[PDB]
Structure formats: structure tokens, C-alpha cells
Amino acid sequence: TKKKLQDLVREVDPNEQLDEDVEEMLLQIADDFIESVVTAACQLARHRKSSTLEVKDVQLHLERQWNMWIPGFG
Amino acid sequence: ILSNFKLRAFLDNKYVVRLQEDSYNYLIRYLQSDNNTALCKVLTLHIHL
Amino acid sequence: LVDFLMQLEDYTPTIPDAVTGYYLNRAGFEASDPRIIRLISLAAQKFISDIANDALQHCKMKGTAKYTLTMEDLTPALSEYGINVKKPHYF
Amino acid sequence: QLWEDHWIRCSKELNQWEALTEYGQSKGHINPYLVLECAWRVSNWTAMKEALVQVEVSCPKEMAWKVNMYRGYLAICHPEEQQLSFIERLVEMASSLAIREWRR
Amino acid sequence: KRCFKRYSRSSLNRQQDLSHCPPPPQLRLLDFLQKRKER
Amino acid sequence: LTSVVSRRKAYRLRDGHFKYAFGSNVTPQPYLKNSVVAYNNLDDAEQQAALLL
Amino acid sequence: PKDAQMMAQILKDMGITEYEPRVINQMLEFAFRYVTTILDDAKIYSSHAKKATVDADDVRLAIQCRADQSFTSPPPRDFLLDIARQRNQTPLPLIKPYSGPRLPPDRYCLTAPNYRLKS
Amino acid sequence: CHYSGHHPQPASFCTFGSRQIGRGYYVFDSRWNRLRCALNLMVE
């Protein structure tokens with residue numbers, strides 16, 4: 001469809017190849033990253049007042065352990 | 001086939017081949033190529049090496 | 001004008017070769033030729049001198065509103081590199 | 001790119017200069033030199049006046065004499081008015097530079 | 001064990017995924033060919 | 001992917017920690033005096049590419 | 001010096017009867033650094049909690065985050081079993097006696113000279 | 001810093017991703033969602 005795995009490789013290094021067995025591992029890395037973020041976000045969601053919302057503002061406070069900052073609104 | 005009384009036993013039996021490891025290694029090289037899954041079905045079912 | 005070979009001779013190391021050489025022996029190196037073990041000492045000097053110069057800047061802006069090094073000049077200088085040191089002053 | 005280069009070469013010699021003229025203003029692959037090679041045999045004269053700034057500034061591997069020759073196409077055949085007072089400077093510079101590359 | 005995974009019903013990512021895919025920037029004449037035929 | 005490629009290919013640093021090249025061998029050999037004067041220094045565009053490549 | 005005696009007792013409870021006088025002070029510094037960091041983590045959670053006082057649930061979340069990333073432990077009793085299960089189907093190569101302990105093939109060994117440097 | 005017979009439980013461990021299904025079987029947070037629905041709303 002669009003941006004499966006190869007165009008992201010071109011986004012960094014124009015001439016780089018990945019083995020067939022490496023692609024699935026990276027997706028599982030992303031799959032584990034997705035679950036870890038949402039579980040922690042839901043934990044903070046239940047911490048605001050026992051539950052409020054999935055909030056983009058508290059996600060910024062969550063990314064301090066990942067040492068990353070989204071260029072979003074905030 | 002069931003009424004021939006000879007081909008029915010043919011299906012319910014396997015053809016054993018006593019080959020060297022190099023010959024099997026030659027065979028194991030060819031079977032990995034494209035369009036060989038159907039041939040591999042006979043090997044895993046009908047022929048014991 | 002002059003290549004790096006004799007410029008390597010011009011440097012005057014402070015850490016003896018018996019300290020850097022022992023580090024290579026711990027990691028599994030011979031440490032038996034003079035030439036490779038001078039950059040690690042220079043790299044070690046650069047790493048400490050940058051902290052030393054940073055501590056000097058903090059010390060010279062302490063209370064101006066002889067030179068003694070305390071924890072007030074060490075815990076902020078080590079903060080940028082990621083070193084977090086916190087020692088209790090009593091008990 | 002060998003396929004593209006030979007396709008351009010084959011089409012140029014088959015009298016298909018109109019197709020290459022329209023190819024020079026596609027969404028991408030902007031090639032001003034290709035336009036300058038193909039647009040002087042048709043009525044499309046507006047493309048030449050635009051595709052000269054990036055032609056001169058790019059300095060593509062000592063390719064100044066051919067651009068100077070291409071400057072005469074707009075000077076000799078100009079729609080509104082052209083003074084035709086610097087044609088001698090054009091040919092003298094082109095001839096001197098052509099001889100200069102002859103010695104190379 | 002690896003090539004059987006790309007032959008045992010993996011056409012959903014091969015003949016359906018790869019359809020209507022934009023051409024690579026190395027081949028820039030196919031779009032011109034399509035435009036000439038359409039026009 | 002940046003971490004993996006960086007362990008297999010060369011790069012150059014601009015004003016600190018920024019990795020931008022991820023490409024060819026434009027980095028000179030530091031044991032050559034011609035590279036030292038070239039390092040101290042830092043139609044016409046093609047020759048500069050030759051000085052790096 | 002009440003912390004010195006209990007720390008020695010803790011080491012004694014683990015079957016250690018000989019130590020150095022400097023490790024005891026190191027663990028006291030470790031304990032001080034551990035609580036000071038987790039109190040700061042409580043402060044940022046309390047400040048993000050738009051509350052004046054410090055609640056006790058923020059400490060529970062703060063210590064939860066500390067154990068999530070700052071401590072390492074292998075996955076016990078369930079993940080390693082799956083590894084053996086997914087590798088149980090791997091067969092064993094045949095034994096061909098020629099000279100005994102053969103070696104992995106050429107290239108996949110630590111015997112290779114640098115390409116750039118030559119003679 | 002206390003001494004007692006009972007083991008001090010922090011109750012704030014690393015919480016490795018694992019859910020309890022069947023009280024004996026454990027899942028790594030995924031890949032057992034649709035199947036569990038299929039064999040629980042049908043068998044029982």
C-alpha cells in the first residue's frame with residue numbers, strides 16, 4: 001500500500017538492504033513498542049482522577065523516559 | 001485402485017531409497033527452488049529416505 | 001606544514017604509560033609499543049579538563065554579587081554529561 | 001538512465017521533437033537543457049526565456065560555448081524586438097572558446 | 001522453512017499489496033507513456 | 001535503523017552530534033599531510049567533490 | 001553509626017563474615033541516592049497532579065516506573081520454555097570421524113586481514 | 001531497614017507483560033485475542 005518497510009529505509013540511507021528475517025523482527029519491535037506505550041498511557045489515564053481520558057498532554061510527560069519529544073502541539 | 005488389490009497396497013506403503021548424504025544434499029538443494037512445494041508433498045508422505 | 005607524526009612527539013603526557021597500558025592489559029591488549037598509548041591519555045586529559053574548566057566557571061561565579069572545590073562546583077558540572085551524584089552531608 | 005538516454009536519442013533522430021518539447025515541463029525531472037535542444041524548431045519560444053537562469057548558473061562541466069550558441073536563437077528570432085547589436089560579440093566568444101577546446 | 005512461508009498463501013502481500021504502486025524515481029518515462037496514451 | 005547502519009558505514013559530524021552524510025568515503029585519512037592541510041583549509045564544484053571522493 | 005551495624009548484620013545474614021569498611025558507606029550513599037531520586041519523581045508526579053500536597057499513590061506509580069527500566073531480570077519460567085519449544089524441532093548433525101574436533105568454516109572465524117592495509 | 005521473618009514484598013515489581021488465561025496458561029499481551037473469543041463463546 002504505502003510505506004511498508006522499504007521507503008523508511010530510503011528515508012535514512014538510500015543504499016541499504018535488509019534480510020527477509022530481519023523485517024518481521026522490526027515489526028515485532030514496533031508491536032512491542034505500541035503495547036508498552038498504550039499500556040503506560042492507560043496507566044496514566046487511570047491516574048488523573050481514577051480515570052479521565054487518553055490525553056496527548058500526559059503522553060508528553062510519559063516520553064521523558066524514552067528521551068524523545070514529539071513535534072506536535074503539546 | 002481399491003479394487004485392484006495391488007495399487008491399494010501401493011498407496012499404503014512407502015518406497016525406501018538407500019542413498020548417500022551427498023545425493024540427499026544434492027536433492028535438498030533442488031527442492032528449495034521456486035515451484036517445488038507440490039513435489040515436496042510426495043516426499044513427506046510417499047517416499048522415506 | 002608538518003605532519004601529525006612529529007606533532008605526536010610534541011605533546012607532553014601527564015598520565016604515565018603504566019596507567020594507560022594497564023588498562024589495555026585488563027581488556028586484553030599487549031600495551032608494548034609507545035605510539036598507540038598517547039591518544040587515550042590525551043582523550044582522558046580532554047575529558048577531565050573540560051569538567052575542570054566547567055568547574056572553574058562555576059567557582060568564579062559563586063557569590064560575587066583561595067579557590068576551593070566543593071560539591072556545589074561538582075554536581076552541576078557533572079549534570080550535563082549525565083553524572084548524578086548526591087552525597088549526604090550528615091550522618 | 002541508459003534506456004532513457006537512448007530513447008531520447010532515438011526519438012530525436014525519428015523527427016519527434018514535439019514530443020520531447022512537451023516532456024520538458026512535466027511534474028518532475030525538470031531538464032532545461034533538453035528543452036533548449038528541442039524547442040527552437042517549434043513556436044514555443046517562451047520556454048527558452050525562462051530556462052536560461054539555471055542553465056548558466058549550473059556550469060555543467062565547461063559547457064559555456066553551446067549555451068552562447070543557443071543565445072543566438074533568441075537574439076536572431078525575437079518576437080517583439082531585438083537590437084541585434086551584440087551578434088559580433090557572440091560569434092567571437094563562441095569561435096574563441098571552440099578553438100580553445102580544440103587544443104584540448 | 002523460510003521459502004515455504006513466502007509460497008504458502010502469501011499472495012495477499014504480493015499481488016494485492018504491490019498493485020497500483022507508484023513507480024520508482026529511476027524510471028520516469030512510464031508516467032509520460034501513460035499520459036500520452038490517456039490524452 | 002540509524003543505530004544499525006552506523007555500525008557498518010562511515011559518517012561525519014557537523015557541530016557536534018549531528019549525523020548527516022551516511023554515505024561515501026569523503027572522510028580523509030588523518031596520517032597524510034595532504035589531508036592535514038586540507039583539514040586546516042576548512043567547474044569549481046566538481047574539483048571539490050574530487051578532493052573528498 | 002546505627003546504619004553501620006545493621007548493614008553488617010545484613011551482610012552477615014547472607015553468609016559473609018569478612019568485608020571492607022568502605023562498602024558500608026557505599027550502600028548508605030546508594031540508599032540516599034535511591035530515595036532522593038524517587039522523591040524527585042514524586043515531586044514531578046505531584047506537580048503534574050495539580051495538587052498542593054503530596055499523595056501516597058504518586059509514590060506507588062513512581063516506584064513502579066523505577067523498577068520498570070532501572071532494574072534487570074530475565075523472564076522466568078515461561079519465556080525460556082517457549083524458546084526450547086520453538087527450537088525442539090531442530091535436528092542434530094551427523095558425526096563424521098575424520099580427525100576429531102573440526103572448526104567452523106573459514107570466513108566465519110576471527111582470521112581475516114584488513115582490506116585497506118597491504119604489503 | 002528492618003528485620004523480620006516475613007519476606008519484604010515491594011509489590012511494585014517489573015510487571016512483565018503476561019495475562020492469566022485458564023489459571024495455568026500465560027500470554028505475551030497479544031496473538032491470543034480472537035481465538036479465545038472463538039473458543040469461549042462457542043464451546044461454553
# chains A, B, ... in the order shown; residues from 1 in each chain; ligands from 1
>>> residues_around(residues="residue 25 of chain F", least_positions_apart="2", cutoff="10 Å", atoms="only C-alpha atoms", output="PyMOL selection string")
chain F and resi 9-12+21-23+27-29+52-53
>>> write_last_selection(atoms="N, CA, C and O atoms", output="PDB file, in the first residue's frame")
ATOM      1  N   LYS F   9      28.705   1.549   8.398  1.00  0.00           N
ATOM      2  CA  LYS F   9      29.110   2.567   7.439  1.00  0.00           C
ATOM      3  C   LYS F   9      29.705   3.758   8.178  1.00  0.00           C
ATOM      4  O   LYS F   9      29.571   3.894   9.398  1.00  0.00           O
ATOM      5  N   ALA F  10      30.369   4.624   7.421  1.00  0.00           N
ATOM      6  CA  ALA F  10      31.035   5.799   7.962  1.00  0.00           C
ATOM      7  C   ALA F  10      30.128   7.021   7.883  1.00  0.00           C
ATOM      8  O   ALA F  10      29.154   7.058   7.128  1.00  0.00           O
ATOM      9  N   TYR F  11      30.468   8.029   8.681  1.00  0.00           N
ATOM     10  CA  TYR F  11      29.707   9.271   8.732  1.00  0.00           C
ATOM     11  C   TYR F  11      30.621  10.375   9.247  1.00  0.00           C
ATOM     12  O   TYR F  11      31.736  10.121   9.711  1.00  0.00           O
ATOM     13  N   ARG F  12      30.137  11.613   9.158  1.00  0.00           N
ATOM     14  CA  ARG F  12      30.865  12.781   9.629  1.00  0.00           C
ATOM     15  C   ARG F  12      29.953  13.629  10.503  1.00  0.00           C
ATOM     16  O   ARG F  12      28.736  13.676  10.300  1.00  0.00           O
ATOM     17  N   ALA F  21      25.891  12.630   6.665  1.00  0.00           N
ATOM     18  CA  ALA F  21      26.417  12.011   5.453  1.00  0.00           C
ATOM     19  C   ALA F  21      25.843  10.619   5.212  1.00  0.00           C
ATOM     20  O   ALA F  21      25.087  10.418   4.256  1.00  0.00           O
ATOM     21  N   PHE F  22      26.175   9.668   6.089  1.00  0.00           N
ATOM     22  CA  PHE F  22      25.769   8.265   5.940  1.00  0.00           C
ATOM     23  C   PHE F  22      26.038   7.757   4.525  1.00  0.00           C
ATOM     24  O   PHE F  22      25.219   7.058   3.925  1.00  0.00           O
ATOM     25  N   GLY F  23      27.201   8.113   3.984  1.00  0.00           N
ATOM     26  CA  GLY F  23      27.465   7.869   2.580  1.00  0.00           C
ATOM     27  C   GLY F  23      28.863   7.399   2.236  1.00  0.00           C
ATOM     28  O   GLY F  23      29.370   6.428   2.807  1.00  0.00           O
ATOM     29  N   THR F  27      35.565  11.247   4.032  1.00  0.00           N
ATOM     30  CA  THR F  27      36.455  11.444   5.171  1.00  0.00           C
ATOM     31  C   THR F  27      37.885  11.089   4.777  1.00  0.00           C
ATOM     32  O   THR F  27      38.131   9.964   4.328  1.00  0.00           O
ATOM     33  N   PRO F  28      38.842  11.999   4.924  1.00  0.00           N
ATOM     34  CA  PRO F  28      40.223  11.703   4.536  1.00  0.00           C
ATOM     35  C   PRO F  28      40.947  10.894   5.606  1.00  0.00           C
ATOM     36  O   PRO F  28      40.479  10.726   6.732  1.00  0.00           O
ATOM     37  N   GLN F  29      42.120  10.388   5.222  1.00  0.00           N
ATOM     38  CA  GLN F  29      42.967   9.635   6.139  1.00  0.00           C
ATOM     39  C   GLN F  29      43.839  10.601   6.931  1.00  0.00           C
ATOM     40  O   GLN F  29      44.577  11.389   6.323  1.00  0.00           O
ATOM     41  N   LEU F  52      37.216  15.296  -1.973  1.00  0.00           N
ATOM     42  CA  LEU F  52      36.607  14.480  -0.932  1.00  0.00           C
ATOM     43  C   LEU F  52      36.515  13.012  -1.337  1.00  0.00           C
ATOM     44  O   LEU F  52      36.845  12.123  -0.545  1.00  0.00           O
ATOM     45  N   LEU F  53      36.077  12.745  -2.567  1.00  0.00           N
ATOM     46  CA  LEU F  53      35.799  11.384  -3.007  1.00  0.00           C
ATOM     47  C   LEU F  53      37.024  10.649  -3.534  1.00  0.00           C
ATOM     48  O   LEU F  53      36.922   9.455  -3.834  1.00  0.00           O
TER      49      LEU F  53
END
>>> residues_around(residues="segment 62-74 of chain D", least_positions_apart="4", cutoff="7 Å", atoms="only C-alpha atoms", output="JSON, numbers by chain")
{"D": [78, 90, 94, 97, 98], "F": [43]}
>>> closest_residue(among="G:16, G:44, G:10, G:4", to="residue 2 of chain H", atoms="only C-alpha atoms")
G:10
>>> select_by_dssp(residues="chain B", states="helix (DSSP H, G or I)", output="list in words")
residues 7, 8, 9, 10, 11, 21, 22, 23, 24, 25, 26, 27, 28, 29, 30, 37, 38, 39, 40, 41, 42, 43, 44 and 45 of chain B
>>> closest_atom_pairs(of="chain C", to="chain G", cutoff="9 Å", atoms="only C-alpha atoms", output="JSON lines")
{"residue": "C:84", "atom": "CA", "partner": "G:33", "partner_atom": "CA", "distance": 8.8}
{"residue": "C:85", "atom": "CA", "partner": "G:33", "partner_atom": "CA", "distance": 7.7}
{"residue": "C:86", "atom": "CA", "partner": "G:33", "partner_atom": "CA", "distance": 6.0}
{"residue": "C:87", "atom": "CA", "partner": "G:29", "partner_atom": "CA", "distance": 6.2}
{"residue": "C:88", "atom": "CA", "partner": "G:32", "partner_atom": "CA", "distance": 7.2}
{"residue": "C:91", "atom": "CA", "partner": "G:1", "partner_atom": "CA", "distance": 7.4}
>>> write_last_selection(atoms="C-alpha atoms", output="mmCIF file, in the first residue's frame")
data_model
loop_
_atom_site.group_PDB
_atom_site.id
_atom_site.type_symbol
_atom_site.label_atom_id
_atom_site.label_comp_id
_atom_site.auth_asym_id
_atom_site.auth_seq_id
_atom_site.Cartn_x
_atom_site.Cartn_y
_atom_site.Cartn_z
ATOM 1 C CA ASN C 84 24.126 12.304 39.096
ATOM 2 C CA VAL C 85 25.977 12.382 42.430
ATOM 3 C CA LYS C 86 24.172 13.140 45.708
ATOM 4 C CA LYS C 87 26.055 12.587 48.971
ATOM 5 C CA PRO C 88 24.556 13.296 52.409
ATOM 6 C CA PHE C 91 25.013 11.026 59.398
#
>>> residues_around(residues="residue 33 of chain C", least_positions_apart="3", cutoff="12 Å", atoms="only C-alpha atoms", output="PyMOL selection string")
chain C and resi 17-18+20-21+24+29-30+36-38
>>> write_last_selection(atoms="N, CA, C and O atoms", output="CSV table (one decimal), in the first residue's frame")
chain,number,residue,atom,x,y,z
C,17,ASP,N,52.6,6.0,31.1
C,17,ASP,CA,52.3,4.9,30.2
C,17,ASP,C,51.9,3.6,31.0
C,17,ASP,O,51.4,2.7,30.4
C,18,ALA,N,52.3,3.5,32.3
C,18,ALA,CA,52.0,2.4,33.1
C,18,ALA,C,50.5,2.4,33.6
C,18,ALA,O,50.1,1.4,34.2
C,20,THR,N,47.7,3.8,31.5
C,20,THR,CA,47.0,3.5,30.2
C,20,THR,C,47.4,2.1,29.7
C,20,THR,O,46.5,1.4,29.3
C,21,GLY,N,48.6,1.7,29.8
C,21,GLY,CA,49.0,0.4,29.4
C,21,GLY,C,48.3,-0.7,30.3
C,21,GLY,O,48.0,-1.8,29.7
C,24,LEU,N,44.8,-1.4,29.0
C,24,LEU,CA,44.8,-2.3,27.8
C,24,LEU,C,45.0,-3.7,28.2
C,24,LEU,O,44.4,-4.6,27.6
C,29,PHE,N,45.0,-6.4,25.8
C,29,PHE,CA,45.9,-5.9,24.8
C,29,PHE,C,47.3,-5.9,25.4
C,29,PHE,O,47.5,-5.9,26.6
C,30,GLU,N,48.3,-6.0,24.5
C,30,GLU,CA,49.7,-6.2,24.9
C,30,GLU,C,50.2,-4.9,25.6
C,30,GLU,O,50.9,-5.0,26.6
C,36,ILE,N,50.7,3.9,20.2
C,36,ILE,CA,49.2,3.9,20.3
C,36,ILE,C,48.8,4.5,21.6
C,36,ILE,O,47.8,5.3,21.7
C,37,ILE,N,49.5,4.2,22.7
C,37,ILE,CA,49.1,4.8,24.0
C,37,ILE,C,49.7,6.1,24.2
C,37,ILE,O,50.6,6.3,25.0
C,38,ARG,N,49.1,7.1,23.5
C,38,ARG,CA,49.2,8.5,23.8
C,38,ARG,C,47.9,9.3,23.6
C,38,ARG,O,47.7,10.3,24.2
>>> residues_around(residues="segment 20-25 of chain D", least_positions_apart="2", cutoff="12 Å", atoms="only C-alpha atoms", output="PyMOL selection string")
(chain D and resi 4+7-18+27-48+50-51) or (chain E and resi 28-33+35-36)
>>> closest_residue(among="G:115, G:71, G:108, G:98", to="chain H", atoms="only C-alpha atoms")
G:71
>>> atom_distance(atom1="atom CA of residue 8 of chain B", atom2="atom CA of residue 41 of chain B")
19.1 Å
>>> closest_residue(among="A:26, A:18, A:45, A:38", to="residue 29 of chain H", atoms="only C-alpha atoms")
A:38
>>> residues_around(residues="residue 3 of chain E", least_positions_apart="5", cutoff="9 Å", atoms="only C-alpha atoms", output="list in words")
residues 32, 33 and 34 of chain B; 8 of chain E
>>> closest_atom_pairs(of="chain G", to="chain A", cutoff="9 Å", atoms="only C-alpha atoms", output="Markdown table")
| residue | atom | partner | partner_atom | distance |
| --- | --- | --- | --- | --- |
| G:48 | CA | A:61 | CA | 8.6 |
| G:49 | CA | A:48 | CA | 7.1 |
| G:57 | CA | A:47 | CA | 8.8 |
| G:58 | CA | A:47 | CA | 8.7 |
| G:61 | CA | A:47 | CA | 8.8 |
| G:69 | CA | A:65 | CA | 8.6 |
>>> closest_atom_pairs(of="chain F", to="chain D", cutoff="10 Å", atoms="only C-alpha atoms", output="tab-separated table")
residue	atom	partner	partner_atom	distance
F:43	CA	D:61	CA	5.7
F:44	CA	D:59	CA	8.9
F:45	CA	D:59	CA	9.0
F:46	CA	D:61	CA	7.8
>>> write_last_selection(atoms="C-alpha atoms", output="PDB file, in the first residue's frame")
ATOM      1  CA  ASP F  43      33.838  23.839 -12.759  1.00  0.00           C
ATOM      2  CA  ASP F  44      34.784  24.570  -9.150  1.00  0.00           C
ATOM      3  CA  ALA F  45      32.131  22.233  -7.713  1.00  0.00           C
ATOM      4  CA  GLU F  46      33.416  19.094  -9.457  1.00  0.00           C
TER       5      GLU F  46
END
>>> closest_residue(among="G:20, G:27, G:78, G:8", to="residue 16 of chain H", atoms="only C-alpha atoms")
G:78
>>> interface_residues(of="chain F", to="chain C", cutoff="10 Å", atoms="only C-alpha atoms", output="PyMOL selection string")
chain F and resi 30-37
>>> decode(residues="segment 14-53 of chain A", atoms="N, CA and C atoms", output="mmCIF file, in the first residue's frame")
data_model
loop_
_atom_site.group_PDB
_atom_site.id
_atom_site.type_symbol
_atom_site.label_atom_id
_atom_site.label_comp_id
_atom_site.auth_asym_id
_atom_site.auth_seq_id
_atom_site.Cartn_x
_atom_site.Cartn_y
_atom_site.Cartn_z
ATOM 1 N N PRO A 14 20.002 5.848 1.475
ATOM 2 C CA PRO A 14 19.483 5.457 0.152
ATOM 3 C C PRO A 14 19.865 4.049 -0.271
ATOM 4 N N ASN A 15 21.074 3.595 0.053
ATOM 5 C CA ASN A 15 21.561 2.283 -0.375
ATOM 6 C C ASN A 15 21.785 1.397 0.850
ATOM 7 N N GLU A 16 20.725 0.693 1.245
ATOM 8 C CA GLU A 16 20.785 -0.248 2.355
ATOM 9 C C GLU A 16 19.742 -1.332 2.132
ATOM 10 N N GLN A 17 20.132 -2.584 2.358
ATOM 11 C CA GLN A 17 19.237 -3.721 2.215
ATOM 12 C C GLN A 17 19.051 -4.419 3.554
ATOM 13 N N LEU A 18 17.881 -5.027 3.722
ATOM 14 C CA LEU A 18 17.540 -5.778 4.918
ATOM 15 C C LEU A 18 17.195 -7.211 4.537
ATOM 16 N N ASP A 19 17.612 -8.151 5.381
ATOM 17 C CA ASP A 19 17.346 -9.558 5.138
ATOM 18 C C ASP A 19 15.859 -9.843 5.354
ATOM 19 N N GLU A 20 15.389 -10.955 4.785
ATOM 20 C CA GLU A 20 13.977 -11.307 4.877
ATOM 21 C C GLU A 20 13.539 -11.557 6.315
ATOM 22 N N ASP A 21 14.394 -12.179 7.128
ATOM 23 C CA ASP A 21 14.058 -12.466 8.517
ATOM 24 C C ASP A 21 14.206 -11.261 9.437
ATOM 25 N N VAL A 22 14.845 -10.184 8.978
ATOM 26 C CA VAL A 22 15.005 -9.005 9.821
ATOM 27 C C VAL A 22 13.738 -8.155 9.820
ATOM 28 N N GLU A 23 12.979 -8.170 8.721
ATOM 29 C CA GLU A 23 11.801 -7.312 8.618
ATOM 30 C C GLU A 23 10.754 -7.663 9.669
ATOM 31 N N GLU A 24 10.487 -8.956 9.871
ATOM 32 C CA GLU A 24 9.483 -9.355 10.853
ATOM 33 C C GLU A 24 9.889 -8.977 12.271
ATOM 34 N N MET A 25 11.182 -9.069 12.593
ATOM 35 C CA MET A 25 11.637 -8.692 13.927
ATOM 36 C C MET A 25 11.383 -7.216 14.203
ATOM 37 N N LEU A 26 11.623 -6.354 13.210
ATOM 38 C CA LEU A 26 11.390 -4.926 13.397
ATOM 39 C C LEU A 26 9.914 -4.627 13.627
ATOM 40 N N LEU A 27 9.024 -5.318 12.908
ATOM 41 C CA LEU A 27 7.596 -5.147 13.152
ATOM 42 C C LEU A 27 7.212 -5.587 14.559
ATOM 43 N N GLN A 28 7.795 -6.685 15.045
ATOM 44 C CA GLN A 28 7.542 -7.103 16.420
ATOM 45 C C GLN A 28 8.121 -6.103 17.413
ATOM 46 N N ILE A 29 9.256 -5.487 17.072
ATOM 47 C CA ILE A 29 9.799 -4.409 17.897
ATOM 48 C C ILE A 29 8.806 -3.256 17.968
ATOM 49 N N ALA A 30 8.247 -2.872 16.818
ATOM 50 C CA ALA A 30 7.209 -1.846 16.804
ATOM 51 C C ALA A 30 5.951 -2.327 17.515
ATOM 52 N N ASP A 31 5.606 -3.608 17.352
ATOM 53 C CA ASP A 31 4.428 -4.151 18.022
ATOM 54 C C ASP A 31 4.579 -4.096 19.538
ATOM 55 N N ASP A 32 5.758 -4.454 20.051
ATOM 56 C CA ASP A 32 6.000 -4.343 21.486
ATOM 57 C C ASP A 32 6.059 -2.888 21.931
ATOM 58 N N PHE A 33 6.600 -2.006 21.088
ATOM 59 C CA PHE A 33 6.637 -0.586 21.422
ATOM 60 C C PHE A 33 5.234 0.000 21.507
ATOM 61 N N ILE A 34 4.339 -0.417 20.608
ATOM 62 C CA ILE A 34 2.966 0.083 20.633
ATOM 63 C C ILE A 34 2.279 -0.316 21.932
ATOM 64 N N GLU A 35 2.408 -1.588 22.314
ATOM 65 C CA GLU A 35 1.730 -2.079 23.511
ATOM 66 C C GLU A 35 2.286 -1.431 24.771
ATOM 67 N N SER A 36 3.607 -1.251 24.837
ATOM 68 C CA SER A 36 4.212 -0.631 26.012
ATOM 69 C C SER A 36 3.747 0.809 26.183
ATOM 70 N N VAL A 37 3.646 1.557 25.083
ATOM 71 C CA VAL A 37 3.240 2.956 25.170
ATOM 72 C C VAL A 37 1.779 3.072 25.590
ATOM 73 N N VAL A 38 0.894 2.292 24.963
ATOM 74 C CA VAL A 38 -0.530 2.415 25.265
ATOM 75 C C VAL A 38 -0.839 1.920 26.673
ATOM 76 N N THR A 39 -0.164 0.860 27.129
ATOM 77 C CA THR A 39 -0.382 0.381 28.490
ATOM 78 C C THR A 39 0.056 1.419 29.514
ATOM 79 N N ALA A 40 1.213 2.049 29.289
ATOM 80 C CA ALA A 40 1.652 3.123 30.171
ATOM 81 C C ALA A 40 0.748 4.344 30.062
ATOM 82 N N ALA A 41 0.281 4.666 28.853
ATOM 83 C CA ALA A 41 -0.642 5.784 28.687
ATOM 84 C C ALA A 41 -1.964 5.517 29.393
ATOM 85 N N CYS A 42 -2.475 4.287 29.298
ATOM 86 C CA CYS A 42 -3.697 3.938 30.014
ATOM 87 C C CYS A 42 -3.489 3.965 31.522
ATOM 88 N N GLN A 43 -2.299 3.579 31.990
ATOM 89 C CA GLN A 43 -1.999 3.674 33.415
ATOM 90 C C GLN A 43 -2.029 5.124 33.884
ATOM 91 N N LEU A 44 -1.460 6.036 33.093
ATOM 92 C CA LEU A 44 -1.555 7.456 33.415
ATOM 93 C C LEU A 44 -2.975 7.975 33.236
ATOM 94 N N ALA A 45 -3.727 7.406 32.290
ATOM 95 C CA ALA A 45 -5.121 7.798 32.109
ATOM 96 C C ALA A 45 -5.947 7.473 33.346
ATOM 97 N N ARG A 46 -5.702 6.313 33.956
ATOM 98 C CA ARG A 46 -6.396 5.945 35.184
ATOM 99 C C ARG A 46 -5.819 6.649 36.405
ATOM 100 N N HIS A 47 -4.771 7.457 36.230
ATOM 101 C CA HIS A 47 -4.142 8.116 37.368
ATOM 102 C C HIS A 47 -4.602 9.560 37.531
ATOM 103 N N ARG A 48 -5.174 10.163 36.486
ATOM 104 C CA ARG A 48 -5.523 11.579 36.528
ATOM 105 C C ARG A 48 -6.552 11.879 37.613
ATOM 106 N N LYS A 49 -7.800 11.422 37.446
ATOM 107 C CA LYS A 49 -8.730 11.260 38.565
ATOM 108 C C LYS A 49 -9.404 9.893 38.415
ATOM 109 N N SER A 50 -8.642 8.845 38.727
ATOM 110 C CA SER A 50 -9.055 7.443 38.740
ATOM 111 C C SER A 50 -9.452 6.949 37.350
ATOM 112 N N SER A 51 -9.832 7.878 36.468
ATOM 113 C CA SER A 51 -9.875 7.755 35.015
ATOM 114 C C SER A 51 -10.362 9.089 34.463
ATOM 115 N N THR A 52 -9.679 9.670 33.475
ATOM 116 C CA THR A 52 -10.229 10.832 32.777
ATOM 117 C C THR A 52 -10.319 10.600 31.274
ATOM 118 N N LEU A 53 -9.209 10.266 30.617
ATOM 119 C CA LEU A 53 -9.116 10.317 29.163
ATOM 120 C C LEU A 53 -7.741 9.854 28.703
#
